[PDB]
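To start, the structure itself, in structure tokens.
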Amino acid sequence: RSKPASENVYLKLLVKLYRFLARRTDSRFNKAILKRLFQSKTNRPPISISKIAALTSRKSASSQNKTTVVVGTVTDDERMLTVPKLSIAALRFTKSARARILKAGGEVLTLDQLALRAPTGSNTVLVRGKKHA
Amino acid sequence: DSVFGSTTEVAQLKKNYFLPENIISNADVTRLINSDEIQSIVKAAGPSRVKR
Amino acid sequence: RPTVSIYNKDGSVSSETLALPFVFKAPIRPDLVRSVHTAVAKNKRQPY
Amino acid sequence: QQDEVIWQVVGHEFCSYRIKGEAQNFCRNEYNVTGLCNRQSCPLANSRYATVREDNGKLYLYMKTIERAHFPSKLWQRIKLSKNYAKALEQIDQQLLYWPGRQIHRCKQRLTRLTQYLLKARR
Amino acid sequence: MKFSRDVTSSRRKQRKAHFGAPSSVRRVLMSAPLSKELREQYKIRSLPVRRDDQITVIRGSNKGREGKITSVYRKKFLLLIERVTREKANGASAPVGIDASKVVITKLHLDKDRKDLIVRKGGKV
Amino acid sequence: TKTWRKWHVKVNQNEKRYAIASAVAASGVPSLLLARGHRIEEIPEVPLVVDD
Amino acid sequence: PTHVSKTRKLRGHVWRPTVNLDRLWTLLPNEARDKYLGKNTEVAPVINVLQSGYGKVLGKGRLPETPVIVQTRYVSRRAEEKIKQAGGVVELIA
Amino acid sequence: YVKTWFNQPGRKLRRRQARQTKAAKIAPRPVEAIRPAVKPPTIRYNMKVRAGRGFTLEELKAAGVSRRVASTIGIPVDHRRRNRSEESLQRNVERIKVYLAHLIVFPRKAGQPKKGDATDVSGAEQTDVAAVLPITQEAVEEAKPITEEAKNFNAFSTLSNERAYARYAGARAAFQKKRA
RNA sequence: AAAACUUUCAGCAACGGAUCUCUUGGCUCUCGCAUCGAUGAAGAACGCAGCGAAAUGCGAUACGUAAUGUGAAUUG
RNA sequence: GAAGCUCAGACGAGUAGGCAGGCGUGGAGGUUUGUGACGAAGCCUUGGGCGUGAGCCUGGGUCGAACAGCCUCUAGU
RNA sequence: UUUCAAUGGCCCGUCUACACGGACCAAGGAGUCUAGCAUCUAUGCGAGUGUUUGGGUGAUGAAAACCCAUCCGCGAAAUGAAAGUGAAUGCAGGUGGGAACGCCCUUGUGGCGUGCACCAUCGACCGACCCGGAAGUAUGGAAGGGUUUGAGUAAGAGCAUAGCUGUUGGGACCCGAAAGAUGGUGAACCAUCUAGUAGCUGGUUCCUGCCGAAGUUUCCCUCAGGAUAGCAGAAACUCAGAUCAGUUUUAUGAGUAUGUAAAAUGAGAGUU
RNA sequence: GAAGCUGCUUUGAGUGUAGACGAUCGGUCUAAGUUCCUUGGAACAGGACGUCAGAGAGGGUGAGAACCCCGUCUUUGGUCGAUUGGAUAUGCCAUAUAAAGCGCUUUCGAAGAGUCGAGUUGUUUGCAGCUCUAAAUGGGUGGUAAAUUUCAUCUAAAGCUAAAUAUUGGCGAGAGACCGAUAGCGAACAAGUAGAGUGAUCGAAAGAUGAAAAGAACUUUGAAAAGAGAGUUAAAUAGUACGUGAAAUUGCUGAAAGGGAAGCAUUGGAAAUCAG
């Protein structure tokens, strides 16, 4: 692949931004996002607030203030009622998921915000949605 | 404001309609690229159009 | 959020101003609008 | 919203000031200098630029400002040059020295062709 | 713009009703304007033409000529005026048709029925 | 040609509202108005509001 | 659209719905959850699954420790004990 | 053969003009008659409450209006239906009662009040019945305490064995009559 | 090693009625309405105009009479 | 015209078949202050030009009323 | 542009040298619409999703647009023939590995890790199957034992719309067979069903570029066929490798060749 | 429900007048340039200067007309008829010695037969032929049981009834991302016409002068058809074999080639003709 199949202008801006980041820095994180932003919709499965919470507070934790990054959708999981303070960056958050993060927790970011924050992707966990569907 | 609501509060004249939220926070990509948070980390820019 | 100035019948700027509605902050998606316009303009076609 | 999304809407495919041909595209827009469609010289998509255009024996200039760019009536202001082709050149480069210089080489060249009109029109 | 559901903007129907009209309606279609003086005299804009009406030709090659309608030729949508004639090739004379829209009434054939028609159109007799 | 060709086409109601909002927001960008062909070279303000 | 089709390129080329315990606390109005979950109140919330079109309450998931009464037609054989140590009660709808 | 739906906007507009013409014909009285509160008859829907055909003869007898007066003043009567649970008696009763309370009957023969029909007549107004008489759903309970006696009530003690008791009741009853 | 003849090219003229433009037509959709006859229907035949052969109109009162309306034609 | 500019290297038959980009036609929405009785469309042409090609622009003649470029939609293409 | 000279040039299409079609020109003329299903891509929303059966509104243009109502469909739970029961072991696991990142030792490398998707394994968790019957009101079920079972749970991912492609059915890419029925006319014919059976014959309309086989395999078959490969591909993901080879060599056993193993040699090599 | 008992409630199968309300027809009323210059046969074109707009839908007029015309908008209206819609008020008769509804019963309750049903044959449980043929808590129908039973629900063999619904016909309306004369109905015109078959039936071809017939006077040649001059036209390169007029195909003129073919391609020469 060399370009995204969508015609979304806002997605093409992300591709434009991250082409520069991948080819002007050596960060393999930027290359990873570029390869995953080119992917089709069914190759970019959703992720859940429950999964992200489990993946941060997992075993030895080691999450702290590391901002979780996923290229896809961050859906909510109503099966959990206690949501920890989280910092998440993604293409899009469902309306319920965004409210649950904001009202009791940390912050939501878009991918362009992440670049202005951690352009090398320093101290981030690059999760991926379940491809089993 | 009553018709279209907002991206955070439900529209008064459209039940459970929240304005869609942008995929990207800022659409001024050139200022992002030329920002100090990015230009300070980028490796030495390679040459533009070159001689044969 | 900025504000806009209302204008009068005579064409002068009125005293009052209104806050800019949140709708003007929505994304501008030419491709989605074209796809919807393609599929909405078909809804007043009489069969032949 | 922002300038890139404006360019991604109007610049690439549809504008009233754009002219496509067999494989080439030109910008008729009265505020562009090179006359051709790109992000660096787009009138509608970009912030303040400078151009010049003819009127009945003289030349006059268009500019923008960032604060007032939401009010199209005086978004552009007009300044007039009707004294000499050379003095126009010194005027034009002066009013763009404190401004980005990526346009002068197109701007200053545009002038002399417009002034060349008046000479050829006189002939 | 029409808003009544009872009239046609269709070219097909409008042309058929025009070219396929009776004589009692063709008379209405042959309405001609009044000249300024009688227009201000009667407060009327136009009337259907009648035989022996005194008119003036405004448009066409016969412009400026006056006369009286010797006969309104309703079927052909033409008006006929004396001394407005064409020299036949053999030597005869055959008048010409000037459409009712291109003439102007300079002197009516006033009559009782025409009096009520003028006063019925809010006019002054 | 049969009359029962598929003449009308469904669109998701939310997508319809999305596009209407986007066209409304697009009506407030003077660049978009000029490109579409409107003559707003001397309009006082986009958006333009007159009194009640 | 015919113009994109392949023909325009071949020219020449010839009754019991189920609810589990991880979902009862999602059936409340959000203000009921706000003011009744986790607070040591004398009176406990009541959940009528039948009003959400659910017949049998199965027992999959963990529970918050807030006491809550569940009204249901049928119930799985573990779903009741889990709400015992959850402090709430189960009583059966007729 | 092939049933097409190109008249769907047309048929919708026909009904609107049908309602508007009907309502304007009988403007004083409400366009829509009242209906009782009735429960759908099956285990899937029995919890819900919907509008039935008419009020049973028990309810008109209780409400104090004859089956003749009710038909004249816009109360439909259903003879087939019979109401057995006295709540269905109730819920329909005040439904008739409040309808009569808000009902205003114009006197016949030049506005001399007969019996208790009414005195005022300028209050003529055509109102939606579902506004003054909406049909509600079942009243659910909220925040009831204790019932720790139901705590010890360990569900299947009833369900599992009484279901088996019901299943084996016929065989059990046959057994008892056999050795007797 | 001409002319005639054949062939090719161009000009002009024939032949033919394509192309373009149009349109009182068709087709489709929707809406509205319910009205034949033994008190002689639908259909058919013969007649009726100043000169009509055509189409409609009409029935020995025969391209109609009575009445109402319009207001001054009809037309080759 | 980031869908852009630039440098370098190798390669080039092709049936069924797979893929991509284009040319042309009728009608629809938008746009070009678009062309036109001082001659639209069409038609002819030992006139000229463009494209690898589908095709396109133009000169002259005839003609007499409508027609086209661009971005999309559509199909009795 | 015409013509001349030299040089070359079998008449095109279709089937399999033929044969079959072609006197010439203009116009018409053949993969269409719809329903189901499936993949893929895109858009909206997301444990939800879909209001166009219906109601409101829109009279100035009104078959549109907009608003409201989720009964219901699909999804959220599986198993069993059915009664009926009905799914985090273990930071909703470990076991190894595994993405980027951090994380350095402050270079990086390497590691430290972390572990996403995952990946394989497994611990298990529910149903069925079998053995056992704590209890609790004949009834009845638990604890526990299987290495039998399920495109099972194990922190849901689907729903709607549009497009492309394939397939099934409707006349079904177009054209073409005798026939048969119904009802009529005349002493065989007519009109409808009919646009039939078509396993075939013929035809099937613009350009350029790119990739490009197969005839024999893999078996299976009642039949023609499919398979299946192979080839050509299309999408996802390992290792910078002994990871390969229509190849040679060396050693090695057995009676130049044989195989296995390894030196030469060229290439980024695998996959589901 | 009938028949006895009770006290409340009620009441027309009527008839003129006035006003309002709507339905339709019938008619009537509807704003503003035809002002100048250029082209043109014609201005409805271009330019200048204005006007109306609840009217800038559409059509006509000698070429793209909001203002020349018909119309369109106001119009869900003003007016004028005619009837009718039934309500409102009013006036007059009516007869009204009245009957009915509901508290109660001290009870009586009639209820559809060759029908239901069973067996049998046909056909798509339903119906039909055939033989038998019922009953009064009976009969039909089902959940149960059990193969019988309880239980539930309904009252067949008599009958009426608007609305939501259908509508390739008829008549009347409005439209179209439709067809544009080999298309669209077979039929845009003299179309179910001419015509064909004994008959049932079958069934075409055919649109376009011009703004106005101004449809070509007159002279001459010819018997005539026609020709040549003329004459009309903005135009006969519009003459009724009529807009535009393509190809196949034919004739004349000019050029060139050719000894049993030609056509085509590459390279140039010659002749013609362009181009920068």
* Modelled label-to-label distance, E:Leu29 and D:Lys120, 7 Å Cα→beta-carbon offset: nm? -> 5.7
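Under a point-charge model restricted to the Cβ atoms of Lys and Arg (+1) and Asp and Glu (-1), what is the dipole moment magnitude of chain A relative to its Cα centre, in debye to the nearest 20?
On the way: 28 positive and 7 negative charges, 95 e Å.
In debye, rounded to 20, chain A gives about 460.
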* Could you calculate the FRET efficiency of G:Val43 with A:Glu7 from 1/(1 + (r/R0)^6), where r is the beta carbon distance between them and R0 is 56 Å, rounded to 0.05? => 0.50
* Asked: Among H:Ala118, H:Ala150, H:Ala33, which one shows the biggest mean-square fluctuation in a GNM of chain H, springs joining Cα atoms closer than 10 Å?
  -> H:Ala150
* Asked: Shape of chain B from its Cα gyration tensor (a ≥ b ≥ c, root eigenvalues): rounded if a/c is under 1.5, otherwise prolate when a/b > b/c, or oblate?
  -> prolate
* Structure fact -> With R₀ set to 56 angstrom, the calculated FRET efficiency between the beta-carbons of A:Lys66 and D:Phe26, to the nearest 0.05, is 0.65
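Find how much the distance from C:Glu16 to C:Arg45 grows on full extension, using 0.36 nm per residue of separation minus their present alpha carbon separation; answer in nm with one decimal.
Numbers: separation 29, 0.36 × 29 = 10.44 nm, distance 4.52 nm.
Going from the current span to full extension adds 5.9 nm.
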* Whole-Å semi-axes of the ellipsoid equivalent to chain E (Cα gyration tensor, √5λ, descending) -> 27, 23, 13
* Contour excess over end-to-end distance, with Cα ends at D:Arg102 and D:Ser16 and 0.36 nm allotted per residue -> 28.4 nm
* Centroid-to-centroid separation of the range D:45-123 and the range G:8-78 [C-alpha atoms, Å] -> 69
* To do: Take the Cα of A:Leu102, step 7 Å along the line toward its Cβ, and report every residue of the range F:1-26 whose backbone nitrogen sits under 15 Å from that point.
  => none
* To do: Could you tell me the number of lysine pairs in chain D with C-alpha atoms less than 22 Å from each other, where the two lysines are 8 or more residues apart or belong to different chains?
  => 16
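Just how many pairs of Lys in chain A have C-alpha atoms closer than 12 Å, counting pairs that are eight or more places apart or on different chains?
So the count of such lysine pairs works out to 7.
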* **Among C:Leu32, C:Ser5, C:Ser15 - extreme Cα towards positive end, dipole of chain C, charges at beta-carbon** => C:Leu32
* Asked: What's the tally of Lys pairs in chain G whose alpha-carbon atoms lie under 23 angstrom apart, where the two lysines are 8 or more places apart or on different chains?
  -> 8
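Nearest 0.05, what FRET efficiency do H:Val31 and H:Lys97 give at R0 = 35 Å with Cβ-Cβ as r?
0.95
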* Asked: Cross-link partners among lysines for H:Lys61, C-alpha distance below 18 Å, same-chain residues fewer than 8 apart left out?
  -> H:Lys97
* Structure fact -> In order over the range G:57-70: 3J(HN,Hα) from phi, Karplus 6.51/-1.76/1.60, θ = phi - 60°, whole Hz, x for each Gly or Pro, gives 9, 7, x, 7, x, 9, 10, x, 7, 5, x, 8, 8, 10
* Structure fact -> Cα-based Rg/(2.2 N^0.38 Å) for chain H, rounded to two decimals, is 1.61
* Hits among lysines - C-alpha to C-alpha of C:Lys42 under 19 Å, sequence gap 8 or more where chains match -> F:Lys2, F:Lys6, F:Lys10, F:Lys16
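Using a/c under 1.5 as the rounded threshold, could you call chain A rounded, prolate or oblate? The axes a ≥ b ≥ c are square roots of the C-alpha gyration tensor eigenvalues, and prolate needs a/b larger than b/c, oblate otherwise. Kindly include the intermediate steps, with their values, before the conclusion.
Values: a/c = 1.84, a/b = 1.46, b/c = 1.26.
Cα axes put chain A in the prolate bin.
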* **Charge-dipole axis of chain E as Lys and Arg at +1 and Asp and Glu at -1 on Cβ define it, positive-most pick from E:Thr70, E:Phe19, E:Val125** => E:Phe19
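With all pairs of different alpha carbon atoms counted, what Kirkwood hydrodynamic radius in Å does the range D:3-122 show? Write out the running numbers ahead of the final one.
Working: mean 1/r = 0.0654 Å⁻¹.
Result for the range D:3-122, one decimal place: 15.3 Å.
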* Excluding residues fewer than 8 places away in the same chain, name every one of the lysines whose C-alpha is closer than 21 Å to that of E:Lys115. => E:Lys36, E:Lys43, E:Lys68, E:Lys107, E:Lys124
* **Cα gyration tensor, the protein assembly as shown - rounded (a/c under 1.5), prolate or oblate** => oblate
* To do: Report, in whole Å, the centroid distance computed from the Cα atoms of the range H:79-99 and the range A:9-51.
  => 65
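With charges only on Cβ, +1 for K and R and -1 for D and E, what is the dipole size of the protein assembly as shown about its Cα centre, in debye, rounded to 20?
4900
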* To do: Rounded to the nearest Å, what's the spacing between the alpha carbon centres of the range E:71-125 and the range C:1-46? Just the number, please.
  => 58
* Asked: For the range D:1-81, with the dipole built from +1 on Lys and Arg beta-carbon atoms and -1 on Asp and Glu ones, taken about the Cα centre, which of D:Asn38, D:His12, D:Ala23 lies farthest toward the positive end?
  -> D:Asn38
* Please build a GNM for chain A, connecting alpha carbons under 10 Å apart, and tell me which residue among A:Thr82, A:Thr110, A:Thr73 fluctuates the most. => A:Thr82
* Choice from H:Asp128, H:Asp78, H:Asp120 with maximal GNM fluctuation in chain H (Cα, 10 Å cutoff) -> H:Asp120
* Size of the dipole of chain G about the Cα centre, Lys and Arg at +1 and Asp and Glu at -1 on the beta carbon, nothing else charged, in debye to 20? -> 1040
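Every residue, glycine as well, gets a Cβ built from its backbone with ideal geometry; the counts of neighbours run over all protein chains shown. Values in this text are rule-based calculations from the coordinates and carry no lab data.
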